$ cat my_file.cif   # mmCIF, N, CA and C atoms
data_upload
#
loop_
_atom_site.label_atom_id
_atom_site.label_comp_id
_atom_site.auth_asym_id
_atom_site.auth_seq_id
_atom_site.Cartn_x
_atom_site.Cartn_y
_atom_site.Cartn_z
N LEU A 645 -39.87 54.72 116.41
CA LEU A 645 -40.56 55.21 115.23
C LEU A 645 -40.22 54.36 114.01
N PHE A 646 -38.94 54.02 113.84
CA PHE A 646 -38.55 53.16 112.73
C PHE A 646 -39.26 51.81 112.82
N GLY A 647 -39.35 51.25 114.02
CA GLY A 647 -40.08 50.00 114.19
C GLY A 647 -41.54 50.14 113.80
N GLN A 648 -42.15 51.28 114.13
CA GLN A 648 -43.56 51.48 113.79
C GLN A 648 -43.77 51.49 112.28
N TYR A 649 -42.87 52.14 111.54
CA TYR A 649 -43.03 52.35 110.11
C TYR A 649 -42.05 51.50 109.31
N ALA A 650 -41.83 50.26 109.75
CA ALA A 650 -41.02 49.34 108.96
C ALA A 650 -41.66 49.07 107.60
N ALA A 651 -42.98 48.87 107.59
CA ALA A 651 -43.69 48.68 106.33
C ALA A 651 -43.70 49.98 105.55
N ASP A 652 -43.27 49.91 104.29
CA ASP A 652 -43.17 51.12 103.48
C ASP A 652 -44.54 51.74 103.23
N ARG A 653 -45.54 50.91 102.94
CA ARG A 653 -46.88 51.38 102.55
C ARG A 653 -46.69 52.24 101.30
N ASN A 654 -47.02 53.53 101.33
CA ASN A 654 -46.85 54.42 100.19
C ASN A 654 -45.95 55.60 100.50
N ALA A 655 -45.19 55.55 101.60
CA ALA A 655 -44.36 56.66 102.03
C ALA A 655 -42.96 56.17 102.37
N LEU A 656 -41.97 57.01 102.09
CA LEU A 656 -40.58 56.75 102.47
C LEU A 656 -40.22 57.73 103.58
N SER A 657 -40.08 57.22 104.80
CA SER A 657 -39.86 58.05 105.97
C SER A 657 -38.45 57.84 106.50
N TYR A 658 -37.75 58.95 106.74
CA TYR A 658 -36.43 58.94 107.35
C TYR A 658 -36.47 59.84 108.58
N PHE A 659 -36.11 59.29 109.73
CA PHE A 659 -36.15 60.01 111.00
C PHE A 659 -34.73 60.37 111.42
N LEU A 660 -34.50 61.65 111.66
CA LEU A 660 -33.17 62.15 111.95
C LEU A 660 -33.21 63.10 113.14
N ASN A 661 -32.19 63.07 113.97
CA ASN A 661 -32.12 64.02 115.06
C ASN A 661 -31.47 65.26 114.49
N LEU A 662 -31.91 66.44 114.90
CA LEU A 662 -31.39 67.67 114.32
C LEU A 662 -29.88 67.79 114.47
N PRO A 663 -29.21 68.40 113.47
CA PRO A 663 -27.76 68.59 113.53
C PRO A 663 -27.32 69.24 114.83
N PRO A 664 -26.20 68.79 115.42
CA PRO A 664 -25.75 69.47 116.64
C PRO A 664 -25.29 70.88 116.32
N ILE A 665 -24.74 71.11 115.13
CA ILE A 665 -24.26 72.42 114.71
C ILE A 665 -24.94 72.75 113.39
N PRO A 666 -25.75 73.81 113.32
CA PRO A 666 -26.38 74.15 112.04
C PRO A 666 -25.33 74.43 110.97
N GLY A 667 -25.62 73.97 109.75
CA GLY A 667 -24.72 74.16 108.63
C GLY A 667 -23.52 73.24 108.61
N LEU A 668 -23.46 72.25 109.49
CA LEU A 668 -22.33 71.33 109.58
C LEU A 668 -22.83 69.90 109.48
N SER A 669 -21.96 69.01 109.00
CA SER A 669 -22.26 67.59 108.88
C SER A 669 -21.27 66.81 109.74
N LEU A 670 -21.79 66.03 110.69
CA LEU A 670 -20.92 65.25 111.56
C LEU A 670 -20.25 64.11 110.79
N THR A 671 -20.96 63.52 109.82
CA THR A 671 -20.38 62.42 109.07
C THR A 671 -19.23 62.88 108.19
N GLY A 672 -19.28 64.13 107.73
CA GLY A 672 -18.29 64.63 106.81
C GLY A 672 -18.50 64.23 105.37
N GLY A 673 -19.70 63.79 105.01
CA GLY A 673 -19.97 63.35 103.65
C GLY A 673 -19.66 64.41 102.62
N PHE A 674 -18.80 64.06 101.67
CA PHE A 674 -18.39 65.01 100.64
C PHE A 674 -19.56 65.38 99.74
N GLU A 675 -19.50 66.60 99.21
CA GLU A 675 -20.46 67.09 98.22
C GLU A 675 -19.73 67.21 96.89
N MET A 676 -20.11 66.37 95.94
CA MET A 676 -19.41 66.23 94.67
C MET A 676 -20.35 66.61 93.54
N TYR A 677 -19.85 67.41 92.60
CA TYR A 677 -20.64 67.86 91.46
C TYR A 677 -19.92 67.49 90.17
N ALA A 678 -20.63 66.78 89.30
CA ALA A 678 -20.12 66.41 87.98
C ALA A 678 -20.81 67.27 86.94
N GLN A 679 -20.05 68.18 86.32
CA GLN A 679 -20.60 69.19 85.43
C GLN A 679 -20.51 68.71 83.99
N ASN A 680 -21.65 68.62 83.31
CA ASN A 680 -21.68 68.27 81.90
C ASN A 680 -21.46 69.52 81.05
N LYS A 681 -20.64 69.40 80.01
CA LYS A 681 -20.26 70.53 79.18
C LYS A 681 -20.83 70.45 77.77
N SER A 682 -21.05 69.25 77.24
CA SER A 682 -21.59 69.12 75.89
C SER A 682 -23.03 69.63 75.82
N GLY A 683 -23.84 69.32 76.83
CA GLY A 683 -25.23 69.70 76.83
C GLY A 683 -26.16 68.50 76.73
N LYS A 684 -25.71 67.36 77.25
CA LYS A 684 -26.50 66.15 77.19
C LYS A 684 -27.77 66.29 78.02
N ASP A 685 -28.82 65.59 77.58
CA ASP A 685 -30.09 65.64 78.29
C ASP A 685 -29.95 65.03 79.68
N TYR A 686 -30.77 65.53 80.60
CA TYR A 686 -30.61 65.17 82.01
C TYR A 686 -30.82 63.67 82.22
N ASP A 687 -31.57 63.02 81.33
CA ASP A 687 -31.70 61.57 81.44
C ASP A 687 -30.37 60.87 81.22
N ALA A 688 -29.61 61.30 80.20
CA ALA A 688 -28.30 60.72 79.97
C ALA A 688 -27.36 61.02 81.12
N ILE A 689 -27.43 62.23 81.67
CA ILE A 689 -26.60 62.58 82.82
C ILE A 689 -26.93 61.67 83.99
N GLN A 690 -28.22 61.41 84.22
CA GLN A 690 -28.61 60.52 85.31
C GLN A 690 -28.13 59.10 85.06
N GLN A 691 -28.19 58.64 83.81
CA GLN A 691 -27.68 57.31 83.50
C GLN A 691 -26.19 57.21 83.82
N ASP A 692 -25.41 58.21 83.39
CA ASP A 692 -23.98 58.20 83.68
C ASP A 692 -23.72 58.28 85.18
N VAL A 693 -24.51 59.08 85.89
CA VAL A 693 -24.32 59.23 87.33
C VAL A 693 -24.65 57.92 88.04
N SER B 744 -32.24 98.78 60.35
CA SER B 744 -31.36 98.11 61.29
C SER B 744 -31.23 96.62 60.96
N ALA B 745 -32.35 95.98 60.62
CA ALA B 745 -32.31 94.55 60.33
C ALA B 745 -31.57 94.27 59.04
N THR B 746 -31.83 95.04 57.99
CA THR B 746 -31.21 94.75 56.71
C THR B 746 -29.75 95.20 56.68
N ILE B 747 -29.48 96.45 57.02
CA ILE B 747 -28.13 97.00 56.88
C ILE B 747 -27.32 96.65 58.12
N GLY B 748 -27.91 96.80 59.30
CA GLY B 748 -27.23 96.55 60.54
C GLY B 748 -27.39 95.11 61.01
N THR B 749 -27.23 94.92 62.32
CA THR B 749 -27.45 93.64 62.96
C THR B 749 -28.56 93.79 64.00
N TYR B 750 -29.60 92.98 63.88
CA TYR B 750 -30.74 93.03 64.78
C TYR B 750 -30.75 91.77 65.63
N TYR B 751 -30.64 91.94 66.94
CA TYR B 751 -30.58 90.83 67.88
C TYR B 751 -32.00 90.58 68.38
N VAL B 752 -32.66 89.57 67.81
CA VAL B 752 -34.07 89.35 68.10
C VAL B 752 -34.24 88.72 69.48
N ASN B 753 -33.60 87.58 69.71
CA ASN B 753 -33.70 86.88 70.98
C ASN B 753 -32.57 85.86 71.04
N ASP B 754 -32.61 84.98 72.04
CA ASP B 754 -31.56 84.01 72.28
C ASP B 754 -32.04 82.61 71.90
N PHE B 755 -31.10 81.74 71.57
CA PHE B 755 -31.38 80.35 71.28
C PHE B 755 -30.39 79.45 72.01
N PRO B 756 -30.78 78.22 72.36
CA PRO B 756 -29.91 77.40 73.21
C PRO B 756 -28.92 76.57 72.42
N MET B 757 -27.65 76.61 72.82
CA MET B 757 -26.60 75.81 72.21
C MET B 757 -25.53 75.54 73.25
N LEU B 758 -25.17 74.27 73.42
CA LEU B 758 -24.16 73.87 74.40
C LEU B 758 -24.53 74.35 75.80
N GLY B 759 -25.81 74.35 76.12
CA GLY B 759 -26.26 74.75 77.44
C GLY B 759 -26.48 76.24 77.59
N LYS B 760 -25.50 77.03 77.19
CA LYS B 760 -25.59 78.48 77.31
C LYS B 760 -26.50 79.05 76.23
N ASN B 761 -27.08 80.22 76.52
CA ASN B 761 -27.91 80.91 75.54
C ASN B 761 -27.04 81.76 74.63
N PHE B 762 -27.34 81.74 73.34
CA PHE B 762 -26.60 82.50 72.35
C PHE B 762 -27.56 83.32 71.50
N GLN B 763 -27.05 84.41 70.94
CA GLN B 763 -27.89 85.38 70.26
C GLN B 763 -28.39 84.84 68.92
N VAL B 764 -29.49 85.43 68.46
CA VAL B 764 -30.01 85.22 67.11
C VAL B 764 -30.02 86.58 66.43
N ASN B 765 -29.27 86.71 65.34
CA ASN B 765 -29.04 87.99 64.68
C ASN B 765 -29.54 87.94 63.25
N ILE B 766 -30.20 89.02 62.83
CA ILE B 766 -30.72 89.15 61.47
C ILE B 766 -29.91 90.23 60.76
N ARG B 767 -29.43 89.92 59.57
CA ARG B 767 -28.65 90.86 58.78
C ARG B 767 -28.80 90.49 57.31
N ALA B 768 -28.63 91.48 56.44
CA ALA B 768 -28.70 91.21 55.02
C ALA B 768 -27.39 90.60 54.54
N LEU B 769 -27.45 89.92 53.40
CA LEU B 769 -26.24 89.35 52.82
C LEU B 769 -25.26 90.47 52.51
N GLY B 770 -23.99 90.25 52.83
CA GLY B 770 -23.01 91.33 52.78
C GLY B 770 -22.91 91.99 51.42
N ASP B 771 -23.24 91.27 50.35
CA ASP B 771 -23.12 91.85 49.02
C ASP B 771 -24.08 93.02 48.84
N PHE B 772 -25.26 92.94 49.44
CA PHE B 772 -26.26 93.99 49.25
C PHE B 772 -25.92 95.24 50.05
N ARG B 773 -25.41 95.08 51.27
CA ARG B 773 -25.06 96.22 52.11
C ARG B 773 -23.81 96.94 51.64
N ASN B 774 -23.06 96.37 50.69
CA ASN B 774 -21.78 96.94 50.31
C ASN B 774 -21.94 98.31 49.67
N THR B 775 -22.82 98.42 48.68
CA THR B 775 -22.92 99.65 47.91
C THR B 775 -23.56 100.76 48.72
N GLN B 776 -23.31 102.00 48.29
CA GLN B 776 -23.97 103.15 48.91
C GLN B 776 -25.48 103.09 48.71
N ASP B 777 -25.92 102.77 47.49
CA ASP B 777 -27.34 102.74 47.19
C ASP B 777 -27.96 101.42 47.61
N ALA B 778 -27.75 101.03 48.87
CA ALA B 778 -28.37 99.81 49.37
C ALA B 778 -29.85 100.01 49.65
N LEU B 779 -30.27 101.26 49.84
CA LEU B 779 -31.67 101.52 50.17
C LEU B 779 -32.60 101.09 49.05
N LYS B 780 -32.14 101.20 47.80
CA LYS B 780 -33.01 100.88 46.67
C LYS B 780 -33.47 99.43 46.73
N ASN B 781 -32.57 98.51 47.07
CA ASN B 781 -32.94 97.10 47.14
C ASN B 781 -33.90 96.83 48.30
N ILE B 782 -33.70 97.52 49.42
CA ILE B 782 -34.54 97.29 50.59
C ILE B 782 -35.95 97.79 50.31
N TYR B 783 -36.94 97.13 50.92
CA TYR B 783 -38.34 97.47 50.73
C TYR B 783 -39.05 97.45 52.08
N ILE B 784 -40.09 98.28 52.19
CA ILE B 784 -40.92 98.33 53.38
C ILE B 784 -42.38 98.38 52.95
N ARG B 785 -43.26 97.86 53.80
CA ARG B 785 -44.68 97.75 53.51
C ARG B 785 -45.44 98.84 54.25
N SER B 786 -46.16 99.66 53.49
CA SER B 786 -46.98 100.71 54.07
C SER B 786 -48.17 100.11 54.81
N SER B 787 -48.94 100.98 55.45
CA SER B 787 -50.16 100.53 56.12
C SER B 787 -51.19 100.02 55.12
N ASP B 788 -51.11 100.44 53.86
CA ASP B 788 -52.00 99.97 52.81
C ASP B 788 -51.51 98.68 52.16
N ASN B 789 -50.56 97.99 52.79
CA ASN B 789 -50.03 96.74 52.26
C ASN B 789 -49.47 96.92 50.85
N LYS B 790 -48.77 98.04 50.63
CA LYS B 790 -48.05 98.30 49.40
C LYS B 790 -46.57 98.43 49.71
N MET B 791 -45.74 97.74 48.95
CA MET B 791 -44.30 97.80 49.17
C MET B 791 -43.74 99.11 48.64
N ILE B 792 -42.96 99.79 49.47
CA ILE B 792 -42.38 101.09 49.14
C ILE B 792 -40.87 100.97 49.26
#

$ encode --input "my_file.cif" --output "structure tokens"
Amino acid sequence: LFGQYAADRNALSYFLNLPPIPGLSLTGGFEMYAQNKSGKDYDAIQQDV
Amino acid sequence: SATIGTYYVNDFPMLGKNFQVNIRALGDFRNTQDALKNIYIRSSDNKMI
């Protein structure tokens, strides 16, 4: 499937096999949240991120 | 309530969280017992009473 859709065209396609365990991540990728307290606009938050 | 007391109309945004908006008369006017004399209200005939 990846070979078929190598050309982006107008869509971004990611093909994944379903998780072996629902609600779990095999890679262990951390989930990190950076909380803004001053109240900066989301554009500035995205720039900093 | 608005002149003598505190009237919480709605909320306004500051530092992300919502904070109250309160209407009250200047403390000097509410001090005396005869504060009612200074206060005014408009009848249905658009006359101040």

$ residues_around --input "my_file.cif" --residues "stretch 674-682 of chain A" --least-positions-apart "2" --cutoff "8 Å" --atoms "all atoms listed in the file" --output "PyMOL selection string"
(chain A and resi 671-672+684-685+689) or (chain B and resi 757-760)

$ atom_distance --input "my_file.cif" --atom1 "atom C of residue B:745" --atom2 "atom CA of residue B:790"
19.5 Å

$ resolve_selection --input "my_file.cif" --expression "the PyMOL selection byres (((chain B and resi 782 and name CA) around 10) and name CA)" --output "list in words"
residues 746, 747, 768, 772, 773, 777, 778, 779, 780, 781, 783, 784, 791 and 792 of chain B

$ select_by_dssp --input "my_file.cif" --residues "chain A" --states "helix (DSSP H, G or I)" --output "PDB file with N, CA and C atoms, keeping the file's coordinate frame"
ATOM      1  N   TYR A 686     -30.770  65.530  80.600  1.00  0.00           N
ATOM      2  CA  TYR A 686     -30.610  65.170  82.010  1.00  0.00           C
ATOM      3  C   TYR A 686     -30.820  63.670  82.220  1.00  0.00           C
ATOM      4  N   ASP A 687     -31.570  63.020  81.330  1.00  0.00           N
ATOM      5  CA  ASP A 687     -31.700  61.570  81.440  1.00  0.00           C
ATOM      6  C   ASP A 687     -30.370  60.870  81.220  1.00  0.00           C
ATOM      7  N   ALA A 688     -29.610  61.300  80.200  1.00  0.00           N
ATOM      8  CA  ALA A 688     -28.300  60.720  79.970  1.00  0.00           C
ATOM      9  C   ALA A 688     -27.360  61.020  81.120  1.00  0.00           C
ATOM     10  N   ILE A 689     -27.430  62.230  81.670  1.00  0.00           N
ATOM     11  CA  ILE A 689     -26.600  62.580  82.820  1.00  0.00           C
ATOM     12  C   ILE A 689     -26.930  61.670  83.990  1.00  0.00           C
ATOM     13  N   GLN A 690     -28.220  61.410  84.220  1.00  0.00           N
ATOM     14  CA  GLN A 690     -28.610  60.520  85.310  1.00  0.00           C
ATOM     15  C   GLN A 690     -28.130  59.100  85.060  1.00  0.00           C
ATOM     16  N   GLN A 691     -28.190  58.640  83.810  1.00  0.00           N
ATOM     17  CA  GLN A 691     -27.680  57.310  83.500  1.00  0.00           C
ATOM     18  C   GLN A 691     -26.190  57.210  83.820  1.00  0.00           C
ATOM     19  N   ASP A 692     -25.410  58.210  83.390  1.00  0.00           N
ATOM     20  CA  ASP A 692     -23.980  58.200  83.680  1.00  0.00           C
ATOM     21  C   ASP A 692     -23.720  58.280  85.180  1.00  0.00           C
TER      22      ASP A 692
END

$ atom_distance --input "my_file.cif" --atom1 "atom C of residue A:683" --atom2 "atom C of residue B:755"
12.7 Å

$ atom_distance --input "my_file.cif" --atom1 "atom CA of residue A:662" --atom2 "atom CA of residue A:649"
19.7 Å

$ residues_around --input "my_file.cif" --residues "residue A:646" --least-positions-apart "2" --cutoff "8 Å" --atoms "only N, CA and C atoms" --output "ChimeraX atom specification"
/A:648-651,657,659

$ resolve_selection --input "my_file.cif" --expression "the PyMOL selection byres ((chain B and resi 765) around 6)" --output "list in words"
residues 749, 750, 751, 752, 763, 764, 766 and 767 of chain B

$ write_last_selection --input "my_file.cif" --atoms "N, CA and C atoms" --output "compact mmCIF listing (two decimals), keeping the file's coordinate frame"
# COMPACT_ATOMS: atom_id res chain seq x y z
N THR B 749 -27.23 94.92 62.32
CA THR B 749 -27.45 93.64 62.96
C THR B 749 -28.56 93.79 64.00
N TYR B 750 -29.60 92.98 63.88
CA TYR B 750 -30.74 93.03 64.78
C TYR B 750 -30.75 91.77 65.63
N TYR B 751 -30.64 91.94 66.94
CA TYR B 751 -30.58 90.83 67.88
C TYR B 751 -32.00 90.58 68.38
N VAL B 752 -32.66 89.57 67.81
CA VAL B 752 -34.07 89.35 68.10
C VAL B 752 -34.24 88.72 69.48
N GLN B 763 -27.05 84.41 70.94
CA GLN B 763 -27.89 85.38 70.26
C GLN B 763 -28.39 84.84 68.92
N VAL B 764 -29.49 85.43 68.46
CA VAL B 764 -30.01 85.22 67.11
C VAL B 764 -30.02 86.58 66.43
N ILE B 766 -30.20 89.02 62.83
CA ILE B 766 -30.72 89.15 61.47
C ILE B 766 -29.91 90.23 60.76
N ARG B 767 -29.43 89.92 59.57
CA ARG B 767 -28.65 90.86 58.78
C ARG B 767 -28.80 90.49 57.31

$ build_atoms --input "my_file.cif" --residues "stretch 744-769 of chain B" --atoms "N, CA, C and O atoms" --output "JSON list (two decimals), in the frame of the given file"
[["chain", "number", "residue", "atom", "x", "y", "z"],
["B", 744, "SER", "N", -32.24, 98.78, 60.35],
["B", 744, "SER", "CA", -31.36, 98.11, 61.29],
["B", 744, "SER", "C", -31.23, 96.62, 60.96],
["B", 744, "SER", "O", -30.14, 96.06, 61.02],
["B", 745, "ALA", "N", -32.35, 95.98, 60.62],
["B", 745, "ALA", "CA", -32.31, 94.55, 60.33],
["B", 745, "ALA", "C", -31.57, 94.27, 59.04],
["B", 745, "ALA", "O", -30.75, 93.34, 58.98],
["B", 746, "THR", "N", -31.83, 95.04, 57.99],
["B", 746, "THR", "CA", -31.21, 94.75, 56.71],
["B", 746, "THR", "C", -29.75, 95.20, 56.68],
["B", 746, "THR", "O", -28.86, 94.41, 56.35],
["B", 747, "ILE", "N", -29.48, 96.45, 57.02],
["B", 747, "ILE", "CA", -28.13, 97.00, 56.88],
["B", 747, "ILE", "C", -27.32, 96.65, 58.12],
["B", 747, "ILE", "O", -26.16, 96.24, 58.00],
["B", 748, "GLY", "N", -27.91, 96.80, 59.30],
["B", 748, "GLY", "CA", -27.23, 96.55, 60.54],
["B", 748, "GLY", "C", -27.39, 95.11, 61.01],
["B", 748, "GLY", "O", -27.62, 94.19, 60.22],
["B", 749, "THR", "N", -27.23, 94.92, 62.32],
["B", 749, "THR", "CA", -27.45, 93.64, 62.96],
["B", 749, "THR", "C", -28.56, 93.79, 64.00],
["B", 749, "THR", "O", -28.46, 94.64, 64.89],
["B", 750, "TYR", "N", -29.60, 92.98, 63.88],
["B", 750, "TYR", "CA", -30.74, 93.03, 64.78],
["B", 750, "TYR", "C", -30.75, 91.77, 65.63],
["B", 750, "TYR", "O", -30.86, 90.66, 65.09],
["B", 751, "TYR", "N", -30.64, 91.94, 66.94],
["B", 751, "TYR", "CA", -30.58, 90.83, 67.88],
["B", 751, "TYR", "C", -32.00, 90.58, 68.38],
["B", 751, "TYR", "O", -32.49, 91.29, 69.26],
["B", 752, "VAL", "N", -32.66, 89.57, 67.81],
["B", 752, "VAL", "CA", -34.07, 89.35, 68.10],
["B", 752, "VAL", "C", -34.24, 88.72, 69.48],
["B", 752, "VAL", "O", -34.95, 89.25, 70.34],
["B", 753, "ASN", "N", -33.60, 87.58, 69.71],
["B", 753, "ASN", "CA", -33.70, 86.88, 70.98],
["B", 753, "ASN", "C", -32.57, 85.86, 71.04],
["B", 753, "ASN", "O", -31.67, 85.86, 70.19],
["B", 754, "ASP", "N", -32.61, 84.98, 72.04],
["B", 754, "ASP", "CA", -31.56, 84.01, 72.28],
["B", 754, "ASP", "C", -32.04, 82.61, 71.90],
["B", 754, "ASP", "O", -33.24, 82.34, 71.91],
["B", 755, "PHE", "N", -31.10, 81.74, 71.57],
["B", 755, "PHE", "CA", -31.38, 80.35, 71.28],
["B", 755, "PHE", "C", -30.39, 79.45, 72.01],
["B", 755, "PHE", "O", -29.26, 79.87, 72.28],
["B", 756, "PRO", "N", -30.78, 78.22, 72.36],
["B", 756, "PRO", "CA", -29.91, 77.40, 73.21],
["B", 756, "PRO", "C", -28.92, 76.57, 72.42],
["B", 756, "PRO", "O", -29.29, 75.90, 71.45],
["B", 757, "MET", "N", -27.65, 76.61, 72.82],
["B", 757, "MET", "CA", -26.60, 75.81, 72.21],
["B", 757, "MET", "C", -25.53, 75.54, 73.25],
["B", 757, "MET", "O", -25.03, 76.48, 73.88],
["B", 758, "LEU", "N", -25.17, 74.27, 73.42],
["B", 758, "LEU", "CA", -24.16, 73.87, 74.40],
["B", 758, "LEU", "C", -24.53, 74.35, 75.80],
["B", 758, "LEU", "O", -23.65, 74.72, 76.59],
["B", 759, "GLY", "N", -25.81, 74.35, 76.12],
["B", 759, "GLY", "CA", -26.26, 74.75, 77.44],
["B", 759, "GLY", "C", -26.48, 76.24, 77.59],
["B", 759, "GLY", "O", -27.53, 76.67, 78.07],
["B", 760, "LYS", "N", -25.50, 77.03, 77.19],
["B", 760, "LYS", "CA", -25.59, 78.48, 77.31],
["B", 760, "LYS", "C", -26.50, 79.05, 76.23],
["B", 760, "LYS", "O", -26.68, 78.45, 75.17],
["B", 761, "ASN", "N", -27.08, 80.22, 76.52],
["B", 761, "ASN", "CA", -27.91, 80.91, 75.54],
["B", 761, "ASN", "C", -27.04, 81.76, 74.63],
["B", 761, "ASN", "O", -26.12, 82.44, 75.10],
["B", 762, "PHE", "N", -27.34, 81.74, 73.34],
["B", 762, "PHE", "CA", -26.60, 82.50, 72.35],
["B", 762, "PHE", "C", -27.56, 83.32, 71.50],
["B", 762, "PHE", "O", -28.74, 82.98, 71.36],
["B", 763, "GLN", "N", -27.05, 84.41, 70.94],
["B", 763, "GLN", "CA", -27.89, 85.38, 70.26],
["B", 763, "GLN", "C", -28.39, 84.84, 68.92],
["B", 763, "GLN", "O", -27.82, 83.93, 68.32],
["B", 764, "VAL", "N", -29.49, 85.43, 68.46],
["B", 764, "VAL", "CA", -30.01, 85.22, 67.11],
["B", 764, "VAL", "C", -30.02, 86.58, 66.43],
["B", 764, "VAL", "O", -30.70, 87.50, 66.88],
["B", 765, "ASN", "N", -29.27, 86.71, 65.34],
["B", 765, "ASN", "CA", -29.04, 87.99, 64.68],
["B", 765, "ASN", "C", -29.54, 87.94, 63.25],
["B", 765, "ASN", "O", -29.33, 86.95, 62.54],
["B", 766, "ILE", "N", -30.20, 89.02, 62.83],
["B", 766, "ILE", "CA", -30.72, 89.15, 61.47],
["B", 766, "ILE", "C", -29.91, 90.23, 60.76],
["B", 766, "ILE", "O", -29.72, 91.33, 61.30],
["B", 767, "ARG", "N", -29.43, 89.92, 59.57],
["B", 767, "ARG", "CA", -28.65, 90.86, 58.78],
["B", 767, "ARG", "C", -28.80, 90.49, 57.31],
["B", 767, "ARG", "O", -29.06, 89.34, 56.97],
["B", 768, "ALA", "N", -28.63, 91.48, 56.44],
["B", 768, "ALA", "CA", -28.70, 91.21, 55.02],
["B", 768, "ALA", "C", -27.39, 90.60, 54.54],
["B", 768, "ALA", "O", -26.34, 90.74, 55.18],
["B", 769, "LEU", "N", -27.45, 89.92, 53.40],
["B", 769, "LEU", "CA", -26.24, 89.35, 52.82],
["B", 769, "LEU", "C", -25.26, 90.47, 52.51],
["B", 769, "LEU", "O", -25.64, 91.52, 51.98]]
